[PDB]
$ cat entry-v1.cif   # mmCIF, C-alpha atoms
data_start
loop_
_atom_site.label_atom_id
_atom_site.label_comp_id
_atom_site.auth_asym_id
_atom_site.auth_seq_id
_atom_site.Cartn_x
_atom_site.Cartn_y
_atom_site.Cartn_z
CA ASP A 569 0.00 0.00 0.00
CA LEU A 570 3.06 2.28 -0.19
CA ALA A 571 4.29 1.21 -3.66
CA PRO A 572 1.88 3.46 -5.62
CA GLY A 573 2.67 6.58 -3.62
CA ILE A 574 6.38 5.81 -3.80
CA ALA A 575 6.26 5.43 -7.58
CA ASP A 576 4.32 8.68 -7.95
CA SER A 577 6.71 10.55 -5.65
CA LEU A 578 9.72 9.26 -7.57
CA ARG A 579 8.10 10.25 -10.86
CA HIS A 580 7.44 13.76 -9.54
CA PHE A 581 11.15 14.08 -8.47
CA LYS A 582 12.47 13.12 -11.95
CA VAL A 583 10.00 15.49 -13.71
CA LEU A 584 10.76 18.55 -11.51
CA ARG A 585 14.51 17.64 -11.29
CA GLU A 586 14.39 17.44 -7.45
CA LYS A 587 16.56 15.17 -5.23
CA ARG A 588 19.24 13.70 -7.47
CA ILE A 589 16.91 11.40 -9.41
CA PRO A 590 18.31 11.42 -12.94
CA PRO A 591 15.85 13.22 -15.29
CA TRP A 592 15.66 9.78 -17.08
CA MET A 593 15.17 7.15 -14.27
CA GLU A 594 12.40 4.66 -15.20
CA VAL A 595 10.18 4.18 -12.15
CA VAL A 596 8.29 1.00 -13.04
CA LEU A 597 5.69 -0.64 -10.81
CA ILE A 598 4.37 -3.90 -12.26
CA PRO A 599 1.26 -4.43 -10.10
CA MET A 600 0.45 -7.80 -8.57
CA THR A 601 -2.99 -9.41 -8.70
CA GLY A 602 -3.87 -13.09 -8.39
CA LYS A 603 -3.57 -13.54 -12.16
CA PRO A 604 -0.44 -14.93 -13.89
CA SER A 605 0.65 -11.42 -14.91
CA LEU A 606 4.36 -10.33 -15.24
CA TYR A 607 6.25 -10.79 -11.93
CA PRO A 608 5.31 -8.02 -9.53
CA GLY A 609 7.68 -5.41 -8.03
CA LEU A 610 8.98 -1.78 -8.18
CA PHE A 611 11.92 -1.50 -10.53
CA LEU A 612 14.02 1.63 -11.01
CA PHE A 613 16.40 1.67 -13.98
CA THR A 614 18.95 4.42 -14.57
CA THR A 615 21.47 2.66 -16.83
CA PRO A 616 23.20 4.31 -19.81
CA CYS A 617 21.76 2.36 -22.77
CA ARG A 618 17.95 2.39 -22.52
CA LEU A 619 15.70 4.15 -25.02
CA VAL A 620 13.59 7.04 -23.74
CA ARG A 621 11.10 9.38 -25.36
CA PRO A 622 9.46 12.65 -24.30
CA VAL A 623 5.80 12.96 -23.36
CA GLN A 624 3.92 15.92 -21.91
CA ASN A 625 3.30 14.95 -18.28
CA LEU A 626 -0.25 16.03 -17.53
CA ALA A 627 -1.06 17.25 -14.01
CA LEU A 628 2.36 18.91 -14.15
CA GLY A 629 2.90 19.98 -17.78
CA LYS A 630 6.62 19.38 -17.45
CA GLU A 631 7.73 17.19 -20.37
CA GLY B 103 25.89 -7.92 35.34
CA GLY B 104 25.45 -9.03 31.78
CA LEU B 105 22.80 -8.23 29.13
CA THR B 106 19.61 -10.35 29.18
CA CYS B 107 16.65 -10.61 26.75
CA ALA B 108 13.84 -8.24 27.90
CA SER B 109 10.12 -8.25 27.16
CA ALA B 110 9.03 -8.54 23.57
CA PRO B 111 8.03 -5.30 21.99
CA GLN B 112 4.26 -4.68 21.96
CA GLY B 113 4.31 -2.69 18.73
CA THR B 114 6.31 -1.37 15.81
CA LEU B 115 6.45 2.11 14.31
CA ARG B 116 7.77 2.62 10.75
CA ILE B 117 8.42 6.26 9.77
CA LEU B 118 8.73 7.54 6.20
CA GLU B 119 8.56 11.19 4.89
CA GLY B 120 5.79 11.85 2.32
CA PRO B 121 4.42 14.96 0.48
CA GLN B 122 0.79 15.29 -0.90
CA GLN B 123 -1.17 15.49 -4.24
CA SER B 124 -2.30 18.81 -5.79
CA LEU B 125 -5.54 19.57 -7.66
CA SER B 126 -6.06 17.91 -11.09
CA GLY B 127 -5.75 20.66 -13.72
CA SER B 128 -4.40 18.57 -16.62
CA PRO B 129 -2.91 21.48 -18.69
CA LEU B 130 -2.13 19.39 -21.79
CA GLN B 131 -0.35 21.80 -24.20
CA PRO B 132 1.03 25.44 -24.52
CA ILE B 133 -0.64 26.01 -27.93
CA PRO B 134 -2.93 22.89 -27.84
CA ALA B 135 -4.51 20.45 -30.38
CA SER B 136 -3.42 20.16 -34.04
CA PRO B 137 -4.26 23.71 -35.32
CA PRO B 138 -5.79 23.43 -38.83
CA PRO B 139 -4.13 24.58 -42.12
CA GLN B 140 -6.26 27.39 -43.62
CA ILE B 141 -7.12 29.94 -46.40
CA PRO B 142 -4.95 33.12 -46.91
CA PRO B 143 -7.51 36.02 -46.92
CA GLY B 144 -8.72 37.29 -50.35
CA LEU B 145 -5.89 35.49 -52.31
CA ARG B 146 -7.22 36.61 -55.79
CA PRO B 147 -6.69 34.68 -59.08
CA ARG B 148 -2.99 34.75 -60.17
CA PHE B 149 -3.77 33.67 -63.78
CA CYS B 150 -6.00 34.75 -66.71
CA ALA B 151 -7.07 33.27 -70.08
CA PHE B 152 -5.77 34.59 -73.42
CA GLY B 153 -8.12 36.88 -75.43
#
$ encode --input "entry-v1.cif" --output "structure tokens"
Amino acid sequence: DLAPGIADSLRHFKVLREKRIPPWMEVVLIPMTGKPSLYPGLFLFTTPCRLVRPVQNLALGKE
Amino acid sequence: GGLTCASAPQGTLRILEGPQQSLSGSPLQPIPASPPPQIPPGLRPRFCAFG
């Protein structure tokens, strides 16, 4: 019950360039249900070879 | 005079620091939507027949 808020807080840091979260960290939160969905858990990638793309973040308008 | 195990704790407190959510405004774009291509005013014909 803290994973959603943590993911949203981390996404707000990267968007507003707060803390030291790299502007390009991927905060992923693969939810867990009872179904055979992808393995659950909060990943956070910041490695130097991933592909990224810009999108206008609504609720903040901060790209 | 040594250290002995004492009574089991009755509870646990876990502290974390968290900020809150603002209002939903959803300001999608500076100049928004795909603005349509359109007619230059008046224009005028730039060609005539012979005769």
$ closest_residue --input "entry-v1.cif" --among "B:121, B:104, B:153, B:147" --to "chain A" --atoms "all atoms listed in the file"
B:121
$ interface_residues --input "entry-v1.cif" --of "chain A" --to "chain B" --cutoff "10 Å" --atoms "all atoms listed in the file" --output "VMD selection string"
chain A and resid 573 to 574 576 to 577 624 to 630
$ atom_distance --input "entry-v1.cif" --atom1 "atom CA of residue 610 of chain A" --atom2 "atom CA of residue 113 of chain B"
27.3 Å
$ residues_around --input "entry-v1.cif" --residues "segment 590-593 of chain A" --least-positions-apart "2" --cutoff "9 Å" --atoms "all atoms listed in the file" --output "PyMOL selection string"
chain A and resi 578-579+581-585+587-588+595+612-615+620
$ write_last_selection --input "entry-v1.cif" --atoms "C-alpha atoms" --output "tab-separated table (two decimals), in the coordinates of the input"
chain	number	residue	atom	x	y	z
A	578	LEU	CA	9.72	9.26	-7.57
A	579	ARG	CA	8.10	10.25	-10.86
A	581	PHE	CA	11.15	14.08	-8.47
A	582	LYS	CA	12.47	13.12	-11.95
A	583	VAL	CA	10.00	15.49	-13.71
A	584	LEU	CA	10.76	18.55	-11.51
A	585	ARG	CA	14.51	17.64	-11.29
A	587	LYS	CA	16.56	15.17	-5.23
A	588	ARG	CA	19.24	13.70	-7.47
A	595	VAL	CA	10.18	4.18	-12.15
A	612	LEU	CA	14.02	1.63	-11.01
A	613	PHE	CA	16.40	1.67	-13.98
A	614	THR	CA	18.95	4.42	-14.57
A	615	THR	CA	21.47	2.66	-16.83
A	620	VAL	CA	13.59	7.04	-23.74
$ residues_around --input "entry-v1.cif" --residues "residue 611 of chain A" --least-positions-apart "5" --cutoff "8 Å" --atoms "all atoms listed in the file" --output "MDAnalysis selection string"
chainID A and resid 594:597
$ build_atoms --input "entry-v1.cif" --residues "segment 121-140 of chain B" --atoms "N, CA, C and O atoms" --output "PDB file, in the frame of the given file"
ATOM      1  N   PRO B 121       5.167  13.753   0.836  1.00  0.00           N
ATOM      2  CA  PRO B 121       4.420  14.960   0.480  1.00  0.00           C
ATOM      3  C   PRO B 121       3.063  14.591  -0.130  1.00  0.00           C
ATOM      4  O   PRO B 121       2.869  13.405  -0.327  1.00  0.00           O
ATOM      5  N   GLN B 122       2.191  15.561  -0.455  1.00  0.00           N
ATOM      6  CA  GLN B 122       0.790  15.290  -0.900  1.00  0.00           C
ATOM      7  C   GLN B 122       0.488  15.635  -2.363  1.00  0.00           C
ATOM      8  O   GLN B 122       1.361  16.263  -2.996  1.00  0.00           O
ATOM      9  N   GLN B 123      -0.694  15.253  -2.883  1.00  0.00           N
ATOM     10  CA  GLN B 123      -1.170  15.490  -4.240  1.00  0.00           C
ATOM     11  C   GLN B 123      -1.815  16.871  -4.384  1.00  0.00           C
ATOM     12  O   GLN B 123      -2.544  17.319  -3.492  1.00  0.00           O
ATOM     13  N   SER B 124      -1.567  17.573  -5.511  1.00  0.00           N
ATOM     14  CA  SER B 124      -2.300  18.810  -5.790  1.00  0.00           C
ATOM     15  C   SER B 124      -3.601  18.583  -6.557  1.00  0.00           C
ATOM     16  O   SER B 124      -3.992  17.437  -6.800  1.00  0.00           O
ATOM     17  N   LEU B 125      -4.272  19.666  -6.934  1.00  0.00           N
ATOM     18  CA  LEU B 125      -5.540  19.570  -7.660  1.00  0.00           C
ATOM     19  C   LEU B 125      -5.282  19.039  -9.069  1.00  0.00           C
ATOM     20  O   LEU B 125      -4.212  19.319  -9.642  1.00  0.00           O
ATOM     21  N   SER B 126      -6.212  18.277  -9.669  1.00  0.00           N
ATOM     22  CA  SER B 126      -6.060  17.910 -11.090  1.00  0.00           C
ATOM     23  C   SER B 126      -6.461  19.032 -12.037  1.00  0.00           C
ATOM     24  O   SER B 126      -7.647  19.360 -12.154  1.00  0.00           O
ATOM     25  N   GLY B 127      -5.482  19.622 -12.724  1.00  0.00           N
ATOM     26  CA  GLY B 127      -5.750  20.660 -13.720  1.00  0.00           C
ATOM     27  C   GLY B 127      -5.563  20.148 -15.139  1.00  0.00           C
ATOM     28  O   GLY B 127      -6.283  20.574 -16.050  1.00  0.00           O
ATOM     29  N   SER B 128      -4.606  19.248 -15.347  1.00  0.00           N
ATOM     30  CA  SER B 128      -4.400  18.570 -16.620  1.00  0.00           C
ATOM     31  C   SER B 128      -4.215  19.562 -17.771  1.00  0.00           C
ATOM     32  O   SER B 128      -5.103  19.691 -18.622  1.00  0.00           O
ATOM     33  N   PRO B 129      -3.152  20.425 -17.707  1.00  0.00           N
ATOM     34  CA  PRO B 129      -2.910  21.480 -18.690  1.00  0.00           C
ATOM     35  C   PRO B 129      -2.080  20.785 -19.769  1.00  0.00           C
ATOM     36  O   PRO B 129      -0.862  20.791 -19.696  1.00  0.00           O
ATOM     37  N   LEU B 130      -2.765  20.230 -20.756  1.00  0.00           N
ATOM     38  CA  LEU B 130      -2.130  19.390 -21.790  1.00  0.00           C
ATOM     39  C   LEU B 130      -1.080  20.065 -22.676  1.00  0.00           C
ATOM     40  O   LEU B 130      -0.015  19.463 -22.834  1.00  0.00           O
ATOM     41  N   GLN B 131      -1.337  21.255 -23.224  1.00  0.00           N
ATOM     42  CA  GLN B 131      -0.350  21.800 -24.200  1.00  0.00           C
ATOM     43  C   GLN B 131      -0.247  23.330 -24.160  1.00  0.00           C
ATOM     44  O   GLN B 131      -1.257  23.979 -23.827  1.00  0.00           O
ATOM     45  N   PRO B 132       0.934  23.963 -24.430  1.00  0.00           N
ATOM     46  CA  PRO B 132       1.030  25.440 -24.520  1.00  0.00           C
ATOM     47  C   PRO B 132       0.028  25.891 -25.584  1.00  0.00           C
ATOM     48  O   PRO B 132      -1.003  26.423 -25.212  1.00  0.00           O
ATOM     49  N   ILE B 133       0.372  25.740 -26.865  1.00  0.00           N
ATOM     50  CA  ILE B 133      -0.640  26.010 -27.930  1.00  0.00           C
ATOM     51  C   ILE B 133      -1.205  24.615 -28.233  1.00  0.00           C
ATOM     52  O   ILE B 133      -0.512  23.816 -28.896  1.00  0.00           O
ATOM     53  N   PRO B 134      -2.407  24.256 -27.731  1.00  0.00           N
ATOM     54  CA  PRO B 134      -2.930  22.890 -27.840  1.00  0.00           C
ATOM     55  C   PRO B 134      -3.646  22.395 -29.102  1.00  0.00           C
ATOM     56  O   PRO B 134      -3.980  23.237 -29.922  1.00  0.00           O
ATOM     57  N   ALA B 135      -3.776  21.068 -29.246  1.00  0.00           N
ATOM     58  CA  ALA B 135      -4.510  20.450 -30.380  1.00  0.00           C
ATOM     59  C   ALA B 135      -3.656  20.506 -31.645  1.00  0.00           C
ATOM     60  O   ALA B 135      -2.512  20.992 -31.556  1.00  0.00           O
ATOM     61  N   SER B 136      -4.163  19.991 -32.768  1.00  0.00           N
ATOM     62  CA  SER B 136      -3.420  20.160 -34.040  1.00  0.00           C
ATOM     63  C   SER B 136      -4.097  21.324 -34.766  1.00  0.00           C
ATOM     64  O   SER B 136      -5.154  21.088 -35.384  1.00  0.00           O
ATOM     65  N   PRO B 137      -3.562  22.567 -34.720  1.00  0.00           N
ATOM     66  CA  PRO B 137      -4.260  23.710 -35.320  1.00  0.00           C
ATOM     67  C   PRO B 137      -4.380  23.492 -36.826  1.00  0.00           C
ATOM     68  O   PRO B 137      -3.399  23.141 -37.459  1.00  0.00           O
ATOM     69  N   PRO B 138      -5.574  23.703 -37.411  1.00  0.00           N
ATOM     70  CA  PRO B 138      -5.790  23.430 -38.830  1.00  0.00           C
ATOM     71  C   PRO B 138      -5.121  24.332 -39.873  1.00  0.00           C
ATOM     72  O   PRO B 138      -5.004  25.524 -39.647  1.00  0.00           O
ATOM     73  N   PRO B 139      -4.680  23.770 -41.018  1.00  0.00           N
ATOM     74  CA  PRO B 139      -4.130  24.580 -42.120  1.00  0.00           C
ATOM     75  C   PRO B 139      -5.307  25.372 -42.695  1.00  0.00           C
ATOM     76  O   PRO B 139      -6.407  24.844 -42.682  1.00  0.00           O
ATOM     77  N   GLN B 140      -5.072  26.586 -43.212  1.00  0.00           N
ATOM     78  CA  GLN B 140      -6.260  27.390 -43.620  1.00  0.00           C
ATOM     79  C   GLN B 140      -6.042  28.394 -44.761  1.00  0.00           C
ATOM     80  O   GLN B 140      -4.884  28.577 -45.185  1.00  0.00           O
TER      81      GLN B 140
END
